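Student: The following block contains the structure, expressed as structure tokens.
Number of protein chains: 2
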Amino acid sequence: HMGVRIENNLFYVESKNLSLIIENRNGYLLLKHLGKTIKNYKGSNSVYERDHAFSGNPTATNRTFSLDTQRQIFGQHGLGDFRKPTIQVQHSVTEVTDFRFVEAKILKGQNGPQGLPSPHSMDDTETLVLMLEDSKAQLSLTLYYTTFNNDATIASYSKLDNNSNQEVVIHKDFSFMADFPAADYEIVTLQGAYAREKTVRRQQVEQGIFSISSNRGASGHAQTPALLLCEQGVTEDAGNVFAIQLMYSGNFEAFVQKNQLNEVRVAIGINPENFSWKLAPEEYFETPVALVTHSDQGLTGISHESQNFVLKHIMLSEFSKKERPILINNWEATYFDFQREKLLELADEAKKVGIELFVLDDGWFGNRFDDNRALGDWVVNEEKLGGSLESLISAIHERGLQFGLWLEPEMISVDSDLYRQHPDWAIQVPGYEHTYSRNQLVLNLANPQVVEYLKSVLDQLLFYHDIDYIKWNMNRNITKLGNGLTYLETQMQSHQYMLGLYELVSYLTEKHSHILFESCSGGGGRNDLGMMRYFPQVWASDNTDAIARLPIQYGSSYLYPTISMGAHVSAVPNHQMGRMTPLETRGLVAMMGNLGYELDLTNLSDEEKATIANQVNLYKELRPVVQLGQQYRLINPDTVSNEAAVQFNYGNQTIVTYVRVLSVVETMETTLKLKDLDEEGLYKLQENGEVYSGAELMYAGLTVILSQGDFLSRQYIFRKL
Amino acid sequence: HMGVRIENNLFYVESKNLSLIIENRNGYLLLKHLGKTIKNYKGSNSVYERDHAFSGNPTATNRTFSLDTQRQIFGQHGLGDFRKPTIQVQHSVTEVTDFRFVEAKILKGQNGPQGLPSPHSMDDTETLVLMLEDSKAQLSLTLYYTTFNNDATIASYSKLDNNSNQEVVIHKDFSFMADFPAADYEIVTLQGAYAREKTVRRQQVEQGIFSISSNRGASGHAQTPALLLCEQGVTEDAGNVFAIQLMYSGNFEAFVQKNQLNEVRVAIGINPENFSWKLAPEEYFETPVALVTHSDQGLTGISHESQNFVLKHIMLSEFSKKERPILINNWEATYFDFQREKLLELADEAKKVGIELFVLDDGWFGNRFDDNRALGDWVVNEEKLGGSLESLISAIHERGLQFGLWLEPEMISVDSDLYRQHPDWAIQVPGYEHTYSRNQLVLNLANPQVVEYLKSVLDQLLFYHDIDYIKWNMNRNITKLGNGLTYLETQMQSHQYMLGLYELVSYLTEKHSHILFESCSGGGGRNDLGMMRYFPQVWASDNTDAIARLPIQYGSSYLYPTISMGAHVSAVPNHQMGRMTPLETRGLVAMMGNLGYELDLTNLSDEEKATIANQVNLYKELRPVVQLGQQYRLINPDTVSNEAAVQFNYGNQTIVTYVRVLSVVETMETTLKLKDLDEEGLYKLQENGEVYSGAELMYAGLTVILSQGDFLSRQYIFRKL
Ligand SMILES: OC[C@H]1O[C@H](O[C@@H]2[C@@H](O)[C@@H](O)O[C@H](CO)[C@@H]2O)[C@H](O)[C@@H](O)[C@H]1O
Ligand SMILES: OC[C@H]1O[C@H](O[C@@H]2[C@@H](O)[C@@H](O)O[C@H](CO)[C@@H]2O)[C@H](O)[C@@H](O)[C@H]1O
Ligand SMILES: OC[C@H]1O[C@H](O[C@@H]2[C@@H](O)[C@H](O)O[C@H](CO)[C@@H]2O)[C@H](O)[C@@H](O)[C@H]1O
Ligand SMILES: OC[C@H]1O[C@H](O[C@@H]2[C@@H](O)[C@H](O)O[C@H](CO)[C@@H]2O)[C@H](O)[C@@H](O)[C@H]1O
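Which chain is which? The protein sequence lines are A and A', in order. A prime marks a further copy of an entry chain.
Mind the numbering: the first sequence is residues 0 to 335, 336A, 337 to 386, 387A, 388 to 720 in PDB author numbering, read in order.
Mind the numbering: the second sequence is residues 0 to 335, 336A, 337 to 386, 387A, 388 to 720 in PDB author numbering, read in order.
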């Protein structure tokens, strides 16, 4: 049985194959167990209470009880625990609180923080409600833990109520924390950089504090809101992993602290940097949702658990199991230099090769002839489009293609009518020059007038035009915070910006629910689970190099389903890397993702056109396997590997893609073994017609043969008989 | 003072900054110290003698003296030492010997084993002669250790005399052995493969036995006769290294054994595999020369020590400091498909770009139109050469080029007149079919008639033709050993083959000492210090890819001077790797070696011709710096590095070559610091005219800037003012 149970002083939060067991000890909440299901928990792994030097106590006479040494589910500073705190509220002359458990409730079905992205499809869930109070400060903190009956994930968030007669200020308020017992641990995170997104990083947990964080106002290219605490020696196939993740797209921190006793604290939430939150009497603050996910089946186990939870409970139901259109995007194809003739000719070529959707990228609005002006001016450039957008769309529709359109609503150019009319709408500090980034500024979405304006302009665009798809961009990070009437309002504006964004995108995605919205932030600059609540695919990276895409796709699909992961076949030499790669390899690499095209089809040879038509035909066949199937990493593209290989299973279809980076000589061929087949199953390999048992493919494997050369690839396609 | 000293029961072998101190303990020889100079040695690091269980004793009553636990300089089996032995002689019913020290002598000046390559320029050397006897077996073993006054190297070899009235058989006889005290050690070796020669390998010394060996009858592509025993944590710049090397080109073994007490034995010599040696009464056997070289300046220290010793005492004096000609070789250019017109046209183009030497590769002799016939038939194909070789050579000379010629004297084709006349000259076993390799057979150079024939044919070729250069090839390994009249003669034939080879090549190189002989064995299949005694350069690898050449050159110049290391600019796509690389990078990579050219100059554009002419002009300038200067590795090309950088210093000239393998994006530029400059020196960088102090270049370093793209390179050229 799954759900929530209250049994004497234990609370059991029971998801599928994952339990959190909390003990109420005289108002203090102790983490007894987080991990595989245990019923009738007795306490075999309880903390041994002893006098630990310099670890102090809530009472004078009992030296062996200390919040410095108890395992907890939230952290305070000032009561004897010196580990990093996760709740810290200023009230009167102090930022000491002492929240004590008073009452527990259980909810059933949907719930979550208002104004923030949270799980859906929650009918078969229960939520533990732990009501804590600080009687002196007259504050309440309420913790929520939600079970899921179909996934090894628990969701968490909290609400802080000010029940006092004075203003209070939240300084720290994370979404999840767990104290894990001293043991050897490794951590996996996804970091990297622009054009190197979601680089998989693994390291040993060491004494001290390790953290990843964004202070950019977006989660960022260089860190993902995820931290995987792993059993020493974890592999793809074996060992315990706990993934903590955050459904938030602004400033966040994830940290792991190893203290003086070798104990380990992990937490994730809103970054303390650039954050404070004023609460007037009777006001409350709810944190974004955190997730804790578990597998005992290594890193592939955690990928599957995380992907499944995302597909079922985050990504929009309307799209989570819907094959996504193969698109053409004109950006790398033309940049800003296009007009109607060029567009329809590209559309003609796209239709001939069987592409499904035509996306008009940057440059269609205002006087956007380059990237130095016009953001904020969402007026159609009818001169450039050679008539109305309506007439363009009709043209695209009549050629048999869906129509998509680029927006960047959060941004404003100094050189724009919007800025001329409302210069105060930009994020800025009185008496300081702007800081520029791609020669543009960020709109203050903490300003309700800004949100109202964007809802209006965009609702107008979407209702008056037959648009099938939106690409929602965001091309710089936030500087010069000073739009508040007070310092505290400025400290709130980064989170209020996010609330404004979510109000905006939840409104539009809900009001226009037939439209496929793809998120973007110079590629993967905001590829997190907050955005994926509303945008069921993401432009994974501006780097469209087939080879540079290998580690990027590795990371981008590590916790997120492949279906989310936009990938385009682009021109050579590649625009980012300056590299020639075979068209075959560009195709096979993009086909490990959500396939599209981004090159000038009108300038290709007849042969290159035929190749792309063949690629499109192939992917129409593989699309369900890739987008709806189960992903298995076989060879990981990292810093030292010269190879990449990824398998997908879906019913009677099994495919495997193999890529080799550098040509090798006098080196024995790799043996590549498949996973998760029926030993007794019979698998017919398309290329040679041979039938192999699943046992053979899994335990003997394929001798991988290639010619001489860099960046070569091949694909194996099997049908189970 | 350096040289040899005998002081009571200590013998001191004293080279520059390296001493071997041996103690005579009642006929047993103990290794007291090998390492930095110590005078007046007292024995601070003596073995503590105790009863070690299962370590037995030469006398009944003294359980604390055991050859199982004493550090020694040669190893026997059967007297209580169970570490791997380095001398083992069968006599009568046993292969137990008990060699006991009887007498020491000191020689001055040159000496070495007859018939085997050994150091030259030995006027300032002394040799310790340790005469050992086994009175029962009536055998003598004499050990030789030679000092050098200008290098931290000691040379060693031994002679075994049969003074008995019966035949005896040597089963094991290594050239050097040392027992090192228990400590943490790493080892560096050079292994790899064909087209991947001299791959630098580093690992921890572990309990048990690690070895590299050849049983191929040549030292081989996959292992070099070298083993570096290193202090834990050695770097390029710091820590103790002991390099043991062998001046031999046949079957060898190097091993490191960590025993039950954590002690470490290292040895190098003739491989026991495929070796036995019969001695009739009064006959003797001398082993090849081993070298032990030391540095306390890390791996660059050992490179310098090894290179210096090779330049001064191995490589021919006639060439060791002589700039080597920039050559054109036609092999990759035409393969077998050439005639006189094509040759002279290539020669014309070579002259225009300033090339100095023209080498005619395979296919000029017998009916060698492919690689399936004619080896053994060293008759000029006057039809193919369009007249006599004499007339061809005159033509090449008149165009201003030296002339070079390809030979493979050790080999015979089934389809050849030589085989038709003397089928028994091939290495073979009566009643077994041939084993084939590149469809050719190996000549039995253990057969004195074979050696006489080759001396004659080749002396004739060289005296009747004005040849400036020879490329001496050897394109397969030895199979089917059975040419002996007895089993024992067969067991001797692999070493006798080597003696035959050395007799042949010492004769020809001496009799034709103006000719530059470059050794070759499908590239680096026999690139060892035995060959380098007679052949002052070597074709480092058939792999002429600029990028694949990086780890190859790293290894090929690790212990051997750059001047030895043949490197050719070749065509793209590269014939081995199937890869396009910039001509600039092919040039800069080959210029880190001994530069030549190997592509069809007649088929290049006018631009590619101008580029090569520029490369030749440049290298004429850099040649002394590269060939005669001091080499400093700055970034090593290994399995994980994406970079390579090598510096050369020579008087007032400092150059640095940098190569990046894969294009990178959003990655901060590398900072490359130079080494071994004068802090106060002023260094003018050619490209920008800026003057930097040596301190700046060494301690701040160069920000390395590149455009986008794979396989890019650049060079920095400095002049000290
Ligand atoms: O749910 C826990 C809290 O409940 C009460 O306040 C809530 C407030 O948080 C918000 O949900 O608005 C509703 C509307 O009725 C309630 O006022 C308590 O005041 C808090 O102390 C806390 O228990
Ligand atoms: O040099 C040590 C040996 O000297 C004597 O033999 C040598 C022999 O090795 C070889 O060098 O030929 C010369 C020619 O006179 C000598 O015979 C002893 O017979 C050996 O026992 C050994 O001492
Ligand atoms: O402007 C259209 C373009 O926007 C985003 O990419 C850009 C990139 O082209 C430019 O070079 O840099 C900025 C940041 O400096 C952005 O990354 C989209 O990601 C891209 O797909 C395209 O739509
Ligand atoms: O035959 C001339 C050729 O000999 C050696 O190379 C060859 C190589 O070309 C061929 O492909 O393989 C055999 C072994 O199978 C040899 O490696 C020389 O090294 C080369 O320079 C050339 O002279």
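We put the CB at the ideal spot given by N, CA and C, even for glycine.
Leaving out the 5 sequence neighbours to the left and right, which residues in its chain are closer than 6 Å to A':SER248 when beta-carbon positions are compared?
Tutor: Closer than 6 Å at Cβ, skipping near neighbours: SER218, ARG525, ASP527, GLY529 and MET530.
Student: Can you check the stretch 504-560 of chain A for any beta strand (DSSP E) of at least 3 residues that lies completely inside it and give the ranges in chain order?
Tutor: Runs of the beta strand (DSSP E) inside the stretch 504-560 of chain A: 515-518 and 536-538.
Student: Just to confirm, is the Cβ distance from A:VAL352 to A:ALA612 under 7 Å?
Tutor: In this structure, A:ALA612 lies closer than 7 Å to A:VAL352 by Cβ.
Student: For A:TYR596, report the span of its beta strand (DSSP E) as first-last.
Tutor: Per DSSP, A:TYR596 belongs to the beta strand (DSSP E) from 593-597.
Student: A:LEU343 by DSSP, collapsed to three states: which one?
Tutor: Here A:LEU343 sits in helix by DSSP.
Student: Can you confirm whether A:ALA545, when its beta carbon is compared against all beta carbons of chain A', has any partner nearer than 7 Å?
Tutor: So no, A:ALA545 is outside the interface.
Student: Check the Cβ of A:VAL664 against every Cβ in chain A' and list those closer than 9 Å, keeping chain order.
Tutor: Here the neighbours are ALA192, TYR193, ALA194, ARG195, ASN542, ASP544, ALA547, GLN575 and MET576.
Student: Taking a cut-off of 6 Å, which residues have a beta-carbon closer than that to any heavy atom of ligand 2, in chain order?
Tutor: Cβ atoms closer than 6 Å to ligand 2 belong to A':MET130, A':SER139, A':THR141, A':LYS158, A':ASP160, A':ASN162 and A':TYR283.
Student: Counting only Cβ pairs nearer than 7 Å, list the residues of chain A close to A':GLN707.
Tutor: Those are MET576 and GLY577, listed as they occur along chain A.
Student: Please check if any C-beta of chain A' sits within less than 7 Å of the C-beta of A:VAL639.
Tutor: True, the Cβ-Cβ gap to chain A' drops below 7 Å.
Student: Can you tell me where the beta strand (DSSP E) with A:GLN87 in it begins and where it stops?
Tutor: Run containing A:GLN87: 86-89, per the beta strand (DSSP E) assignment.
Student: Buried or exposed, going by whether 16 or more other CB atoms sit within 10 Å of the CB of A:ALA59?
Tutor: A:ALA59 comes out exposed.
Student: With contact counted as at least three CB pairs below 8 Å, one residue from each stretch, are the stretch 252-268 of chain A' and the stretch 63-81 of chain A' in contact?
Tutor: Enough Cβ pairs lie closer than 8 Å, so yes.
Student: Can the beta-carbon of A:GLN256 be found closer than 7 Å to that of A:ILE208?
Tutor: Contact: yes.
Student: Is the beta carbon of A':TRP363 within less than 6 Å of some heavy atom of ligand 3?
Tutor: Checking every heavy atom of ligand 3 against the Cβ of A':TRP363, none is found closer than 6 Å.
Student: Less than 7 Å between the C-beta atoms of A':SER294 and A':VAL233, yes or no?
Tutor: Not closer than 7 Å, so no.
Student: Just reading off the beta strand (DSSP E) that A:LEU115 is part of, what are its end residues?
Tutor: No beta strand (DSSP E) contains A:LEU115, which DSSP labels as neither H nor E.
Student: Looking at the unbroken alpha helix (DSSP H) that takes in residue 730 of chain A', where does it start and where does it end?
Tutor: Nothing in the structure corresponds to residue 730 of chain A', since chain A' is present only between 0 and 720.
Student: From A':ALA539 to A':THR223, what distance separates their C-alpha atoms?
Tutor: Computed Cα separation, rounded: 12 Å.
Student: Hey, quick one: how far does the beta strand (DSSP E) through A:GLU230 stretch, first residue to last?
Tutor: A:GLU230 -> beta strand (DSSP E) spans 225-230.
Student: Mind checking which residues open and close the beta strand (DSSP E) that includes A:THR580?
Tutor: Unbroken run through A:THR580: none, as it is neither H nor E.
Student: Provide the residue span of the alpha helix (DSSP H) that contains A':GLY297, from first to last.
Tutor: Residues 297-312.
Student: Excluding sequence positions up to five away, which residues of its chain have a Cβ less than 8 Å from the Cβ of A':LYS83?
Tutor: Here the set comprises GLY74, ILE208, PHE254, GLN256, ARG264 and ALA266.
Student: Leaving out five residues on either side along the sequence, give the residues of the same chain with a beta carbon under 8 Å from the beta carbon of A:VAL664.
Tutor: Result list for A:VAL664: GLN707, in chain order.
Student: Counting only the same chain and skipping the five closest in sequence on each side, list residues whose C-beta sits under 7 Å from that of A:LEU343.
Tutor: Cβ within range, chain order: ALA394.
Student: For A:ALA346, tell me which candidate among A:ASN602, A:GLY628 and A:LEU127 has the shortest Cα-Cα distance.
Tutor: Of A:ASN602, A:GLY628 and A:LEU127, the residue nearest in Cα terms is A:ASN602.
Student: Let me confirm a value: A:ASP467 is counted as buried when at least 16 other C-beta atoms fall within 10 Å, else exposed. Which label applies?
Tutor: With 16 or more other Cβ atoms within 10 Å, it is buried.
Student: Tell me whether the stretch 145-160 of chain A and the stretch 43-52 of chain A touch, counting them as touching only if at least three CB pairs, one residue from each stretch, are closer than 8 Å.
Tutor: Not touching, per the Cβ criterion.
Student: From A':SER155, A':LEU115, A':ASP80 and A':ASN161, pick the residue whose C-alpha is nearest to that of A':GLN137; which is it?
Tutor: Cα-wise, what sits closest to A':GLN137 is A':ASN161.
Student: Report the residue ranges of all beta strand (DSSP E) runs contained in full by the stretch 651-680 of chain A'; include only those spanning at least 3 residues, in chain order.
Tutor: The qualifying runs are 652-659.
Student: Return the chain-ordered list of same chain residues with a C-beta closer than 6 Å to the C-beta of A':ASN474, the five sequence neighbours on each side being excluded.
Tutor: Once the five neighbours on either side are set aside, the close Cβ partners of A':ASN474 are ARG437 and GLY521.
Student: Which same chain residues, not among the five before or five after A':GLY300, have their C-beta less than 7 Å away from its C-beta?
Tutor: So the qualifying residues of the chain are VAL240 and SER294.
Student: Look at the Cβ atom of A:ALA289, then the Cβ atom of A:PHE175, and state whether they are nearer than 7 Å.
Tutor: Yes; because the gap between Cβ atoms is below 7 Å, this pair is in contact.
Student: Could you check what DSSP says for A:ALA194 in three-state terms: helix, strand or coil?
Tutor: Three-state DSSP puts A:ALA194 in coil, outside helix and strand.
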